[PDB]
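Here's the structure, in structure tokens; my notes come after.
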Amino acid sequence: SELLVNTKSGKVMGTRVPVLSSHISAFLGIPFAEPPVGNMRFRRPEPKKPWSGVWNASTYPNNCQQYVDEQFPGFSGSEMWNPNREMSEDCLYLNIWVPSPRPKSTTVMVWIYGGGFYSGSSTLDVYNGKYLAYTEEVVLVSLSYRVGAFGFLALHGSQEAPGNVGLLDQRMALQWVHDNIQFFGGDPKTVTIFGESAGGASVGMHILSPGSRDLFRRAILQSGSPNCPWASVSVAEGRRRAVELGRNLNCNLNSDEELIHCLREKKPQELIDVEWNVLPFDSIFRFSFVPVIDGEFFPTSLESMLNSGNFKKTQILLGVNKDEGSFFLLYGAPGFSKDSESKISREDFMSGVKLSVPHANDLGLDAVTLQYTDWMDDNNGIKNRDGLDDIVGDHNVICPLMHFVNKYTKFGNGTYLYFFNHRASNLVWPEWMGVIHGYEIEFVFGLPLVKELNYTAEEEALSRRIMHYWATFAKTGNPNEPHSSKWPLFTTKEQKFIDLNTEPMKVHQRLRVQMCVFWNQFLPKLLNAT
Amino acid sequence: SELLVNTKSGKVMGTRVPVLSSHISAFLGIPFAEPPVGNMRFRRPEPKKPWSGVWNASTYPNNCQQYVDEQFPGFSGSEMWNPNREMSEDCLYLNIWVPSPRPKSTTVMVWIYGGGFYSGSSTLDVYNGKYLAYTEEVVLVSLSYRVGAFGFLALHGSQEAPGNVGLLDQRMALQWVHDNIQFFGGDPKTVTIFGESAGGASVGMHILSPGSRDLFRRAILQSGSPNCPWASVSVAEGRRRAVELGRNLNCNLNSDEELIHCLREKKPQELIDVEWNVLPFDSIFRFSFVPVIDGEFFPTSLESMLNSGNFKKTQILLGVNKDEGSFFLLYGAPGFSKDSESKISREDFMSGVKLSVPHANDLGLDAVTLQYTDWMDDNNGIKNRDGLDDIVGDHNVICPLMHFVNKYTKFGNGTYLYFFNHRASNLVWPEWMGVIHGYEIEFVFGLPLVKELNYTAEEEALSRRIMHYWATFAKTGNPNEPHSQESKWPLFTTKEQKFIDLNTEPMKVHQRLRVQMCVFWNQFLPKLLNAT
Ligand SMILES: COc1cc2c(c3oc(=O)c4c(c13)CCC4=O)[C@@H]1C=CO[C@@H]1O2
Ligand SMILES: COc1cc2c(c3oc(=O)c4c(c13)CCC4=O)[C@@H]1C=CO[C@@H]1O2
Ligand SMILES: *[C@@H]1O[C@H](CO)[C@@H](O)[C@H](O)[C@H]1NC(C)=O
Ligand SMILES: *[C@@H]1O[C@H](CO)[C@@H](O)[C@H](O)[C@H]1NC(C)=O
Ligand SMILES: *[C@@H]1O[C@H](CO)[C@@H](O)[C@H](O)[C@H]1NC(C)=O
Ligand SMILES: *[C@@H]1O[C@H](CO)[C@@H](O)[C@H](O)[C@H]1NC(C)=O
Ligand SMILES: *[C@@H]1O[C@H](CO)[C@@H](O)[C@H](O)[C@H]1NC(C)=O
Ligand SMILES: [Cl-]
Ligand SMILES: [Cl-]
Ligand SMILES: [Cl-]
Ligand SMILES: [Cl-]
Ligand SMILES: [K+]
């Protein structure tokens, strides 16, 4: 009844789930597209054909085919991000948490997972929607989308592997929410999309893309923006990588069509085993198959779109963590370790800036180096480690987001900026890594509310503050509830943002302005010039 | 007879001068070269021909022909640097202060004035040698040399205007000291050369130049070094400037000989009037006629000599003042004034940067701007004013000196480095200007020892220890008296890079003087400008 919902493509049977000494409705693994399998691998998604009988939506779906991180087997900090379900190319499903009793026509929030466009699943423990749905009385959807080659292999000109299909999967799940969320007590005219890292880049891509604009009301971007240097490639670079993928797998390369058909015969894991090989450099925070600037999903370059105001004009709320870079150093840079303080020698710092800014010539490397080195104390391994962490975080996440926020604000209808800098109580990773990539997510999804998870009282209270900011923003375009201490609008002139931690709200201005002028104005001009 | 000296070119009669209620001997205006006048303008100097009779050396000589600053008429802060004598091309003279009674074979110090190679005089109040010679028992000499076109017009290939003749004037006075100072009870094997700004750059050029090396024992450089961006030009640029000078005066330019002949027939003032017109750019801290890298006085590039250790190996003492740039902003950059706190707008900061680094491409200007701008507070008038001051000082004096001292220390026999950061209590310049270019000189020359000049007792104590450092260094190669219980000025070393503050407070040792900004100026900027 409450659990039996007739949607436009057929009937779905949800399940009653327990949540914090209460209950709500969960509809898990709802198909939004035809399975993109067989001759459909690499192609645009097709809408899910209607089924008869009742779809069993009591259970999480398969995760998409992806690289699986095995660097630290057994370790919760890496393993929480890996698939917790069987992987299958048949993976285009969404999940819904509905407050019980069913609300009339409430704010909808649609979560878009990150994972670098090469991994991610809607079914991770940290994305369990039941807490945010219950606490904030919203309808929470998590979508999925193809990642890696399967989602982003790009041979522009071909209708067979056009590129961007993972982005179209997201848009098709959005369309499905627009067409069906009213059946779950959701208001399709009050949809917020939100996601982290690649999911945040994704959110900003749908703001930019004219085909996505009318499928949501408002947006939240966490530690990601569309212009991130790792978040897109040119059609020529996507093409090179796709030919190199085929080269790796002994494919016929005489034609797009021959390459594409060879690659469709390959077992999924065969694609995944060689995925990292197509990258043009030794690097970190670079992923193989990502969105392409194709002239279709994105009519023109992201920069020209941002400058002309060719994008959705609405309210956005976005921000970054203190130490975005540290996870990536740990994986790919010399001298770093999970099990030590990771004091970085000068030799390893040099080799790290090269890996961090793989597109830089020698002059740009020197420029980066000079900008983050304290020459009164250059053999300090602690300042060398933190310096590298800041390079990776500033270059890849913070400064692109600041460029996006400054460009967006000129045209949009209200910007709210945050700086997430809370030090964990349950320290999973070592201290040197600080406020890690993805850590704010636990707070957004209300995991600190679960007593069995052993967060502190101050963390429960912060999670509740964050959920309420997020949901209130989703409802109104403003994270603040009229009447009382206010998170102020980010404005072009004043550039105010807030810290998000367990202390009373403090307001600052010009987040990392000094390093971000280096990354957004001077380096690009140096690289354009030399 | 103490006052009557027979030198190698003739007799000299000096004068008993009073000093701090004692007396010493002064020999003022001794000629060391033929008057470089007439057909000798621009030529290498020639040794002074022996004269008959007794040379009256009781009064200061003429000052060399030079641009005279009159931005601030009647103002002692600018006017103290202008010629206080009649100007003449007949100007190659030296001055000597000798303790009374005459010492046997004592330490010699020889002062080389600054003034950007376009100005300066041995006769200024602030260079009065009597305080230092008396107090430290040293034989103190001040030399002179031709400045501006007269000293530095450079037409490489001609032996009529070869360039660097002002440096050869200095060499010749050094040679004269070498040959004659024994007659004044000086030891010619213990000569320290010292000078400020262009004077300091000159000292460094003598260190480098094979033809000067054997003419002094060791060297002090104040706020200047040979590698300063303003202190030299290429043969090509010297030539361009000499020809631009001709063009300004409607000279015949068809050949060097015609150009030089034309320029020799002009009155000195005609050259001076257009002197500033030959500079390639609108600029700050740039001077028209300066030493040229010729392949003679300088066998190869300053940088290649410094790297190979092709230069005099000895002891050096050197340093800088806290605000080297301020004087130069006052004169040429927009929004500066001596009668206001000179809060600088963003727009005038951008203009100042361009004037300060006139050789820079757009990208280079951007790097300078970025390196010196607080983007949390980019409209701060005070931070923009100080930023500009730091740029001008870091680029023109501090970072070149630091590059020099690092390069020198690899091969030399002892380096002592100072940072002078005392602002004098009786300064007539506004506070914003801080510790100005040239203002350590009066301490070096012991002016705070005169009660009527109204310095503090702390300023007197400071001047006494500066003079004692300088002279003790001149005597021994080490500013410290061994066995003394005093705070010790440590050697500057490649590894530790130590220096001292010189001020009215107890001594503090620091390390890596302005290392952050000087890596930018000495490594990153040139690499960037050299890029295309
Ligand atoms: C096999 O090489 C890589 C493996 C890898 C990553 C990588 O992230 C990167 O940014 C990156 C590489 C990575 C190789 C080159 C590169 O840039 C993820 C980080 C954490 O887990 C993921 O596992
Ligand atoms: C006519 O232009 C100038 C006059 C001038 C100076 C200058 O110093 C400079 O560094 C400079 C100029 C100067 C013009 C261009 C330049 O760089 C001395 C400063 C103070 O007194 C001197 O007088
Ligand atoms: C849906 O699946 C679960 C187990 O996978 C089962 O317990 C539930 O009853 C199913 N619903 C059906 C078969 O109608
Ligand atoms: C949003 O648009 C409204 C309605 O036109 C307008 O009043 C206001 O200027 C905008 N709000 C912001 C914060 O830009
Ligand atoms: C959390 O705390 C409980 C109660 O003290 C304890 O029994 C348990 O070991 C902790 N759980 C986890 C998953 O760390
Ligand atoms: C030398 O010149 C001075 C000053 O003009 C004069 O007073 C003095 O009498 C002269 N001495 C001799 C010996 O002629
Ligand atoms: C200077 O030279 C002498 C003679 O070789 C040597 O003993 C001394 O160590 C040198 N001192 C320095 C500080 O280089
Ligand atoms: Cl629960
Ligand atoms: Cl605004
Ligand atoms: Cl007196
Ligand atoms: Cl050493
Ligand atoms: K085909």
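Counting starts at 1 for both ligands and their atoms, in listed order. Heavy-atom basis, side chains included; hydrogens, waters and symmetry copies ignored. Order of the sequence lines fixes the chain letters, A, B, ..., with proteins taken first and strands second; residue numbering starts at 1 for each chain.
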Task: Pair B:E431-B:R423, salt bridge (charged side-chain N to carboxylate O under 4.0 Å, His left out): steps then yes or no - done: CA-CA 9 Å; B:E431 192 83 29; B:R423 186 198 162 83; 3.7 Å; yes

N/O donor-acceptor pairs under 3.5 Å from side chains in residues 281-291 of chain B, not counting sequence neighbours:
{"unit_1": "B:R286", "atom_1": "NH1", "unit_2": "B:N396", "atom_2": "OD1", "d": "2.6"}
{"unit_1": "B:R286", "atom_1": "NH2", "unit_2": "B:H395", "atom_2": "NE2", "d": "2.9"}
{"unit_1": "B:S288", "atom_1": "OG", "unit_2": "B:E275", "atom_2": "O", "d": "2.8"}

- [ ] Using heavy-atom distances, let me know which of B:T493, B:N413, B:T314, B:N478 sits nearest atom 14 (O) of ligand 7.
- [x]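 Selected option, by shortest heavy-atom distance: B:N413.
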
Task: Residues A:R510, A:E494: salt bridge by 4.0 Å N-O rule - done: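 So A:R510 does not pair with A:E494 through a salt bridge.
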
I need the nearest protein heavy-atom contact for [atom]: residue, atom name and distance, please.
atom                    : result
atom 18 (C) of ligand 2 : B:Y118 OH, 3.0 Å
atom 15 (C) of ligand 2 : B:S283 O, 3.1 Å
atom 13 (C) of ligand 2 : B:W276 CZ3, 3.5 Å
atom 4 (C) of ligand 2  : B:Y67 OH, 3.6 Å

Residue-level breakdown please: for [X] versus ligand 2, do any non-hydrogen atoms fall below 4.0 Å on the side chain, on the backbone, on both, or on neither?
X      : result
B:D282 : neither
B:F285 : backbone
B:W230 : neither

For residues 189-197 of chain B, which side-chain donor-acceptor pairs fall under 3.5 Å, sequence neighbours excluded?
{"unit_1": "B:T190", "atom_1": "OG1", "unit_2": "B:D187", "atom_2": "OD2", "d": "2.8"}
{"unit_1": "B:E196", "atom_1": "OE2", "unit_2": "B:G438", "atom_2": "N", "d": "3.3"}
{"unit_1": "B:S197", "atom_1": "OG", "unit_2": "B:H437", "atom_2": "NE2", "d": "2.8"}

Open item on the list: Evaluate B:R286 for polar contact with ligand 2, using N/O atom pairs at a separation under 3.5 Å.
Closed with: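 So ligand 2 has an N or O lying under 3.5 Å from an N or O of B:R286.
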
- [ ] Please could you name the atoms of ligand 2 that B:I284 approaches to less than 4.0 Å, counting only its heavy atoms?
- [x]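 Close to B:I284: 10 (O), 17 (O).
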
